[PDB]
Amino acid sequence: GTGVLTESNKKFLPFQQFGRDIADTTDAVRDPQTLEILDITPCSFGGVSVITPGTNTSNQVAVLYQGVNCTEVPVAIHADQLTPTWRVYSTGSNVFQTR
Amino acid sequence: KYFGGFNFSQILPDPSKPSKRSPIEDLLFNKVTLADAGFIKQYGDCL
Ligand SMILES: *[C@@H]1O[C@H](CO)[C@@H](O[C@@H]2O[C@H](CO)[C@@H](O)[C@H](O)[C@H]2NC(C)=O)[C@H](O)[C@H]1NC(C)=O
Ligand SMILES: *[C@@H]1O[C@H](CO)[C@@H](O[C@@H]2O[C@H](CO)[C@@H](O)[C@H](O)[C@H]2NC(C)=O)[C@H](O)[C@H]1NC(C)=O
Ligand SMILES: *[C@@H]1O[C@H](CO)[C@@H](O)[C@H](O)[C@H]1NC(C)=O
Ligand SMILES: *[C@@H]1O[C@H](CO)[C@@H](O)[C@H](O)[C@H]1NC(C)=O
């Protein structure tokens, strides 16, 4: 699997090795070398919507990142990101955190 | 707020409430707010 790994705070019984969520997907696991409970969560995802005045009127665009905190938004990662070809400029274009 | 002796305090918005709302509207909000979108864009509670 692919995801981000952090130390799992969930108390994990000695006979227990795997943890599963409501969907029963594995969310926690103990490292084989040393038993270390580690929570697995998916790498950051979010829908992207493009706001445009209209190609006839102009070519400027506005990009909205659906349901993402502005600081946690990945902009420096051009190489490893879906829709990688967009650098979506940077913070230089003023960024507003909307609801 | 006098209207021919008719009292409209319940239905009218209340400045005391931080979100200007009717006292009746305040009640209706509390009962049926079983679920929400959560507005959790930080997702820091997870992990
Ligand atoms: C009539 O409109 C007046 C405003 O011009 C309001 O005055 C009320 O009645 C007397 C004088 O009319 C005031 O001393 C009271 O203080 C007012 N009532 C309240 C609840 O403050 C009133 O809204 C209207 N009704 C009457 C009967 O005057
Ligand atoms: C209109 O209705 C309001 C709200 O029902 C009433 O205000 C009450 O006033 C008394 C006397 O101070 C208080 O003991 C009550 O607690 C008040 N009601 C509430 C719900 O807090 C009153 O009948 C009318 N008030 C006006 C200004 O017209
Ligand atoms: C290999 O893992 C086992 C237990 O999982 C234990 O011998 C030790 O932690 C590891 N061995 C070495 C040499 O690190
Ligand atoms: C994003 O996270 C930071 C720090 O937690 C802060 O700006 C704020 O809590 C979040 N922004 C929101 C909720 O708009």
# chains A, B, ... in the order shown; residues from 1 in each chain; ligands from 1
call {"tool": "closest_atom_pairs", "arguments": {"of": "chain A", "to": "chain B", "cutoff": "12 Å", "atoms": "only C-alpha atoms", "output": "CSV"}}
result
residue,atom,partner,partner_atom,distance
A:3,CA,B:47,CA,11.7
A:4,CA,B:47,CA,9.4
A:5,CA,B:47,CA,8.9
A:6,CA,B:47,CA,7.3
A:7,CA,B:47,CA,8.7
A:8,CA,B:47,CA,7.8
A:9,CA,B:47,CA,8.9
A:10,CA,B:47,CA,10.4
A:21,CA,B:46,CA,11.8
A:27,CA,B:47,CA,9.9
A:28,CA,B:47,CA,10.5
A:38,CA,B:47,CA,9.9
A:39,CA,B:47,CA,7.0
A:40,CA,B:47,CA,8.1
A:41,CA,B:47,CA,7.1
A:42,CA,B:47,CA,10.2
A:43,CA,B:47,CA,11.5
A:44,CA,B:43,CA,9.8
A:45,CA,B:41,CA,10.9
A:46,CA,B:41,CA,9.7
A:47,CA,B:41,CA,12.0
A:65,CA,B:41,CA,10.5
A:66,CA,B:41,CA,8.7
A:67,CA,B:41,CA,4.9
A:68,CA,B:41,CA,5.0
A:69,CA,B:42,CA,5.6
A:70,CA,B:42,CA,9.2
A:71,CA,B:42,CA,9.5
A:72,CA,B:42,CA,7.9
A:73,CA,B:42,CA,10.2
A:97,CA,B:41,CA,10.8
A:98,CA,B:41,CA,10.7
A:99,CA,B:39,CA,7.9
call {"tool": "write_last_selection", "arguments": {"atoms": "N, CA, C and O atoms", "output": "tab-separated table (two decimals), in the first residue's frame"}}
result
chain	number	residue	atom	x	y	z
A	3	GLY	N	0.92	5.28	1.57
A	3	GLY	CA	0.34	6.23	2.50
A	3	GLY	C	1.42	6.88	3.34
A	3	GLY	O	2.61	6.62	3.17
A	4	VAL	N	0.97	7.73	4.26
A	4	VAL	CA	1.85	8.38	5.22
A	4	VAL	C	1.76	7.63	6.54
A	4	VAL	O	0.68	7.17	6.94
A	5	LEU	N	2.91	7.45	7.19
A	5	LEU	CA	3.01	6.62	8.38
A	5	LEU	C	3.43	7.46	9.58
A	5	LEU	O	4.44	8.17	9.52
A	6	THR	N	2.66	7.38	10.66
A	6	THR	CA	2.99	8.01	11.93
A	6	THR	C	2.80	6.99	13.04
A	6	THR	O	2.16	5.95	12.86
A	7	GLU	N	3.37	7.30	14.20
A	7	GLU	CA	3.20	6.43	15.36
A	7	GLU	C	1.74	6.41	15.78
A	7	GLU	O	1.09	7.45	15.89
A	8	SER	N	1.22	5.21	16.02
A	8	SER	CA	-0.19	5.01	16.35
A	8	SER	C	-0.38	5.08	17.85
A	8	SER	O	0.25	4.34	18.61
A	9	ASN	N	-1.27	5.98	18.29
A	9	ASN	CA	-1.56	6.12	19.71
A	9	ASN	C	-2.56	5.08	20.20
A	9	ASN	O	-2.75	4.95	21.41
A	10	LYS	N	-3.19	4.34	19.29
A	10	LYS	CA	-4.17	3.33	19.69
A	10	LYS	C	-3.51	2.21	20.48
A	10	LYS	O	-2.52	1.62	20.03
A	21	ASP	N	-10.49	-0.29	9.98
A	21	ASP	CA	-11.45	0.79	10.16
A	21	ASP	C	-12.88	0.26	9.97
A	21	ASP	O	-13.12	-0.95	9.95
A	27	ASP	N	-5.80	0.15	8.90
A	27	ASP	CA	-5.38	1.49	9.28
A	27	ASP	C	-4.23	1.51	10.27
A	27	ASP	O	-3.53	2.53	10.36
A	28	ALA	N	-4.00	0.43	11.01
A	28	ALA	CA	-2.90	0.35	11.96
A	28	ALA	C	-2.19	-0.98	11.79
A	28	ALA	O	-2.82	-1.99	11.43
A	38	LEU	N	1.73	1.48	14.09
A	38	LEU	CA	1.83	2.63	13.20
A	38	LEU	C	0.50	2.79	12.48
A	38	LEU	O	0.02	1.85	11.85
A	39	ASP	N	-0.09	3.98	12.58
A	39	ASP	CA	-1.32	4.25	11.85
A	39	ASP	C	-1.01	4.58	10.40
A	39	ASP	O	-0.10	5.35	10.10
A	40	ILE	N	-1.78	3.98	9.49
A	40	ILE	CA	-1.66	4.25	8.06
A	40	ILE	C	-2.87	5.06	7.62
A	40	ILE	O	-4.02	4.63	7.82
A	41	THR	N	-2.61	6.22	7.03
A	41	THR	CA	-3.64	7.05	6.44
A	41	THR	C	-3.28	7.37	5.00
A	41	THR	O	-2.09	7.45	4.67
A	42	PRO	N	-4.26	7.53	4.12
A	42	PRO	CA	-3.95	7.81	2.71
A	42	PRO	C	-3.24	9.14	2.55
A	42	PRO	O	-3.42	10.07	3.33
A	43	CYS	N	-2.41	9.21	1.51
A	43	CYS	CA	-1.75	10.47	1.18
A	43	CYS	C	-2.79	11.51	0.79
A	43	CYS	O	-3.89	11.18	0.34
A	44	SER	N	-2.43	12.78	0.97
A	44	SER	CA	-3.40	13.86	0.87
A	44	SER	C	-4.06	13.89	-0.51
A	44	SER	O	-3.40	13.81	-1.54
A	45	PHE	N	-5.39	14.00	-0.50
A	45	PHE	CA	-6.20	14.05	-1.71
A	45	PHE	C	-7.18	15.21	-1.60
A	45	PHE	O	-7.46	15.68	-0.49
A	46	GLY	N	-7.68	15.66	-2.73
A	46	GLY	CA	-8.67	16.72	-2.75
A	46	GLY	C	-9.09	17.03	-4.16
A	46	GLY	O	-8.27	17.08	-5.08
A	47	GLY	N	-10.40	17.23	-4.34
A	47	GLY	CA	-10.90	17.65	-5.64
A	47	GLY	C	-10.44	19.05	-5.99
A	47	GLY	O	-10.19	19.89	-5.13
A	65	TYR	N	-9.26	24.60	-4.29
A	65	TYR	CA	-8.93	23.27	-3.78
A	65	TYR	C	-10.01	22.85	-2.79
A	65	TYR	O	-10.11	23.42	-1.69
A	66	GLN	N	-10.81	21.86	-3.17
A	66	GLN	CA	-12.00	21.50	-2.41
A	66	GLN	C	-11.62	20.87	-1.07
A	66	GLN	O	-10.95	19.83	-1.03
A	67	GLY	N	-12.07	21.50	0.02
A	67	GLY	CA	-11.93	20.93	1.35
A	67	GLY	C	-10.51	20.73	1.83
A	67	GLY	O	-10.21	19.70	2.45
A	68	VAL	N	-9.63	21.68	1.56
A	68	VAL	CA	-8.24	21.60	1.99
A	68	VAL	C	-7.85	22.90	2.69
A	68	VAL	O	-8.13	24.00	2.20
A	69	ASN	N	-7.22	22.76	3.86
A	69	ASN	CA	-6.63	23.91	4.53
A	69	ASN	C	-5.53	24.52	3.67
A	69	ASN	O	-4.76	23.80	3.02
A	70	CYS	N	-5.46	25.85	3.66
A	70	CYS	CA	-4.58	26.54	2.73
A	70	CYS	C	-3.11	26.23	3.01
A	70	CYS	O	-2.32	26.05	2.08
A	71	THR	N	-2.72	26.19	4.29
A	71	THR	CA	-1.33	25.91	4.62
A	71	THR	C	-0.94	24.48	4.24
A	71	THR	O	0.18	24.24	3.76
A	72	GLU	N	-1.84	23.52	4.46
A	72	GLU	CA	-1.54	22.13	4.11
A	72	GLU	C	-1.62	21.89	2.60
A	72	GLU	O	-1.32	20.79	2.14
A	73	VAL	N	-2.04	22.89	1.83
A	73	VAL	CA	-2.13	22.71	0.38
A	73	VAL	C	-0.74	22.46	-0.19
A	73	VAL	O	0.19	23.24	0.07
A	97	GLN	N	-8.33	31.53	2.13
A	97	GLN	CA	-8.91	30.31	2.68
A	97	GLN	C	-10.40	30.50	2.87
A	97	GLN	O	-10.84	31.25	3.74
A	98	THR	N	-11.19	29.82	2.04
A	98	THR	CA	-12.64	29.91	2.08
A	98	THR	C	-13.19	28.75	2.90
A	98	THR	O	-12.48	27.79	3.22
A	99	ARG	N	-14.48	28.86	3.24
A	99	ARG	CA	-15.13	27.78	3.96
A	99	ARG	C	-15.16	26.50	3.14
A	99	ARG	O	-14.98	25.40	3.67
call {"tool": "residues_near_ligand", "arguments": {"ligand": "ligand 3", "cutoff": "12 Å", "atoms": "only C-alpha atoms and all ligand atoms", "output": "PyMOL selection string"}}
result
chain A and resi 30-36
call {"tool": "write_last_selection", "arguments": {"atoms": "N, CA, C and O atoms", "output": "compact mmCIF listing (two decimals), in the first residue's frame"}}
result
# COMPACT_ATOMS: atom_id res chain seq x y z
N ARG A 30 1.76 -3.18 13.12
CA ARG A 30 2.98 -3.23 13.92
C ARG A 30 4.15 -3.58 13.02
O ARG A 30 4.06 -4.49 12.20
N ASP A 31 5.25 -2.84 13.17
CA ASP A 31 6.41 -3.06 12.32
C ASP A 31 7.00 -4.45 12.59
O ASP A 31 7.07 -4.88 13.75
N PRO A 32 7.42 -5.17 11.55
CA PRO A 32 7.94 -6.53 11.77
C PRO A 32 9.21 -6.59 12.60
O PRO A 32 9.32 -7.43 13.51
N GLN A 33 10.19 -5.73 12.31
CA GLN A 33 11.47 -5.79 13.02
C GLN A 33 11.29 -5.53 14.51
O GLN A 33 11.74 -6.32 15.35
N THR A 34 10.63 -4.43 14.86
CA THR A 34 10.25 -4.15 16.23
C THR A 34 8.76 -3.84 16.25
O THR A 34 8.29 -3.02 15.45
N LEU A 35 8.02 -4.49 17.15
CA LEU A 35 6.58 -4.30 17.17
C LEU A 35 6.26 -2.85 17.54
O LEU A 35 6.34 -2.46 18.71
N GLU A 36 5.90 -2.07 16.53
CA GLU A 36 5.65 -0.64 16.67
C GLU A 36 4.35 -0.32 15.96
O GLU A 36 4.31 -0.30 14.73
call {"tool": "select_by_dssp", "arguments": {"residues": "chain A", "states": "strand (DSSP E)", "output": "MDAnalysis selection string"}}
result
chainID A and resid 4:7 18:20 26:30 37:41 48:51 62:65
call {"tool": "residues_near_ligand", "arguments": {"ligand": "ligand 1", "cutoff": "7 Å", "atoms": "only C-alpha atoms and all ligand atoms", "output": "JSON, numbers by chain"}}
result
{"B": [1, 2, 3, 4]}
call {"tool": "atom_distance", "arguments": {"atom1": "atom 4 (C, counted along the ligand's line) of ligand 4", "atom2": "atom CA of residue B:37"}}
result
19.5 Å
call {"tool": "residues_near_ligand", "arguments": {"ligand": "ligand 2", "cutoff": "12 Å", "atoms": "only C-alpha atoms and all ligand atoms", "output": "ChimeraX atom specification"}}
result
/B:1-12,14,16,22-24
call {"tool": "write_last_selection", "arguments": {"atoms": "N, CA and C atoms", "output": "PDB file, in the first residue's frame"}}
result
ATOM      1  N   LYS B   1     -40.919  47.886  18.484  1.00  0.00           N
ATOM      2  CA  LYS B   1     -41.438  46.534  18.323  1.00  0.00           C
ATOM      3  C   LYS B   1     -42.906  46.395  18.711  1.00  0.00           C
ATOM      4  N   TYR B   2     -43.596  47.495  18.999  1.00  0.00           N
ATOM      5  CA  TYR B   2     -45.027  47.432  19.266  1.00  0.00           C
ATOM      6  C   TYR B   2     -45.794  47.359  17.953  1.00  0.00           C
ATOM      7  N   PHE B   3     -46.608  46.313  17.797  1.00  0.00           N
ATOM      8  CA  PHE B   3     -47.444  46.136  16.612  1.00  0.00           C
ATOM      9  C   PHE B   3     -48.877  45.850  17.065  1.00  0.00           C
ATOM     10  N   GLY B   4     -49.625  46.915  17.338  1.00  0.00           N
ATOM     11  CA  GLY B   4     -51.022  46.785  17.727  1.00  0.00           C
ATOM     12  C   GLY B   4     -51.257  45.880  18.918  1.00  0.00           C
ATOM     13  N   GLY B   5     -50.277  45.778  19.813  1.00  0.00           N
ATOM     14  CA  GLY B   5     -50.364  44.856  20.926  1.00  0.00           C
ATOM     15  C   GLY B   5     -50.034  43.419  20.593  1.00  0.00           C
ATOM     16  N   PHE B   6     -49.583  43.141  19.374  1.00  0.00           N
ATOM     17  CA  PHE B   6     -49.219  41.796  18.949  1.00  0.00           C
ATOM     18  C   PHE B   6     -47.732  41.583  19.197  1.00  0.00           C
ATOM     19  N   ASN B   7     -47.393  40.472  19.843  1.00  0.00           N
ATOM     20  CA  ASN B   7     -46.023  40.181  20.247  1.00  0.00           C
ATOM     21  C   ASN B   7     -45.369  39.277  19.206  1.00  0.00           C
ATOM     22  N   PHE B   8     -44.278  39.758  18.607  1.00  0.00           N
ATOM     23  CA  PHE B   8     -43.531  39.019  17.596  1.00  0.00           C
ATOM     24  C   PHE B   8     -42.113  38.682  18.045  1.00  0.00           C
ATOM     25  N   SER B   9     -41.865  38.660  19.355  1.00  0.00           N
ATOM     26  CA  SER B   9     -40.509  38.447  19.853  1.00  0.00           C
ATOM     27  C   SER B   9     -39.977  37.074  19.455  1.00  0.00           C
ATOM     28  N   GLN B  10     -40.831  36.049  19.516  1.00  0.00           N
ATOM     29  CA  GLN B  10     -40.379  34.688  19.238  1.00  0.00           C
ATOM     30  C   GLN B  10     -39.902  34.523  17.799  1.00  0.00           C
ATOM     31  N   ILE B  11     -40.641  35.070  16.833  1.00  0.00           N
ATOM     32  CA  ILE B  11     -40.314  34.807  15.434  1.00  0.00           C
ATOM     33  C   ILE B  11     -39.232  35.760  14.935  1.00  0.00           C
ATOM     34  N   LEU B  12     -39.165  36.965  15.497  1.00  0.00           N
ATOM     35  CA  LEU B  12     -38.191  37.944  15.043  1.00  0.00           C
ATOM     36  C   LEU B  12     -36.777  37.532  15.449  1.00  0.00           C
ATOM     37  N   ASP B  14     -33.086  37.644  17.078  1.00  0.00           N
ATOM     38  CA  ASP B  14     -32.634  38.119  18.376  1.00  0.00           C
ATOM     39  C   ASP B  14     -31.203  38.621  18.277  1.00  0.00           C
ATOM     40  N   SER B  16     -29.200  39.239  20.602  1.00  0.00           N
ATOM     41  CA  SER B  16     -28.364  38.603  21.615  1.00  0.00           C
ATOM     42  C   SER B  16     -27.648  37.378  21.059  1.00  0.00           C
ATOM     43  N   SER B  22     -34.283  33.615  15.208  1.00  0.00           N
ATOM     44  CA  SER B  22     -35.452  33.572  16.064  1.00  0.00           C
ATOM     45  C   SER B  22     -35.222  32.612  17.230  1.00  0.00           C
ATOM     46  N   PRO B  23     -35.756  32.931  18.412  1.00  0.00           N
ATOM     47  CA  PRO B  23     -35.745  31.939  19.498  1.00  0.00           C
ATOM     48  C   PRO B  23     -36.359  30.612  19.090  1.00  0.00           C
ATOM     49  N   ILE B  24     -37.437  30.639  18.300  1.00  0.00           N
ATOM     50  CA  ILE B  24     -37.966  29.402  17.731  1.00  0.00           C
ATOM     51  C   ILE B  24     -36.956  28.783  16.774  1.00  0.00           C
TER      52      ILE B  24
END
call {"tool": "closest_residue", "arguments": {"among": "A:57, A:96, A:2, A:11", "to": "ligand 4", "atoms": "only C-alpha atoms and all ligand atoms"}}
result
A:96
call {"tool": "residues_around", "arguments": {"residues": "residue A:93", "least_positions_apart": "6", "cutoff": "12 Å", "atoms": "only C-alpha atoms", "output": "NGL selection string"}}
result
:A and (61-63 or 87)
call {"tool": "select_by_dssp", "arguments": {"residues": "stretch 3-35 of chain B", "states": "helix (DSSP H, G or I)", "output": "list in words"}}
result
residues 23, 24, 25, 26, 27, 28, 29, 30, 31 and 32 of chain B
call {"tool": "write_last_selection", "arguments": {"atoms": "N, CA and C atoms", "output": "PDB file, in the first residue's frame"}}
result
ATOM      1  N   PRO B  23     -35.756  32.931  18.412  1.00  0.00           N
ATOM      2  CA  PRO B  23     -35.745  31.939  19.498  1.00  0.00           C
ATOM      3  C   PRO B  23     -36.359  30.612  19.090  1.00  0.00           C
ATOM      4  N   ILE B  24     -37.437  30.639  18.300  1.00  0.00           N
ATOM      5  CA  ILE B  24     -37.966  29.402  17.731  1.00  0.00           C
ATOM      6  C   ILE B  24     -36.956  28.783  16.774  1.00  0.00           C
ATOM      7  N   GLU B  25     -36.348  29.605  15.912  1.00  0.00           N
ATOM      8  CA  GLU B  25     -35.327  29.098  14.999  1.00  0.00           C
ATOM      9  C   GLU B  25     -34.147  28.511  15.762  1.00  0.00           C
ATOM     10  N   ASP B  26     -33.790  29.116  16.896  1.00  0.00           N
ATOM     11  CA  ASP B  26     -32.733  28.551  17.727  1.00  0.00           C
ATOM     12  C   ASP B  26     -33.114  27.164  18.230  1.00  0.00           C
ATOM     13  N   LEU B  27     -34.373  26.984  18.644  1.00  0.00           N
ATOM     14  CA  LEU B  27     -34.825  25.660  19.063  1.00  0.00           C
ATOM     15  C   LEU B  27     -34.770  24.664  17.912  1.00  0.00           C
ATOM     16  N   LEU B  28     -35.340  25.024  16.757  1.00  0.00           N
ATOM     17  CA  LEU B  28     -35.379  24.104  15.622  1.00  0.00           C
ATOM     18  C   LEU B  28     -33.980  23.673  15.206  1.00  0.00           C
ATOM     19  N   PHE B  29     -33.007  24.581  15.302  1.00  0.00           N
ATOM     20  CA  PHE B  29     -31.639  24.233  14.940  1.00  0.00           C
ATOM     21  C   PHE B  29     -31.083  23.143  15.847  1.00  0.00           C
ATOM     22  N   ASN B  30     -31.359  23.226  17.151  1.00  0.00           N
ATOM     23  CA  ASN B  30     -30.743  22.304  18.102  1.00  0.00           C
ATOM     24  C   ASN B  30     -31.284  20.884  17.954  1.00  0.00           C
ATOM     25  N   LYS B  31     -32.586  20.741  17.691  1.00  0.00           N
ATOM     26  CA  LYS B  31     -33.186  19.408  17.664  1.00  0.00           C
ATOM     27  C   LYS B  31     -32.685  18.583  16.484  1.00  0.00           C
ATOM     28  N   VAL B  32     -32.617  19.185  15.297  1.00  0.00           N
ATOM     29  CA  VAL B  32     -32.458  18.434  14.056  1.00  0.00           C
ATOM     30  C   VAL B  32     -31.008  18.410  13.569  1.00  0.00           C
TER      31      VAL B  32
END
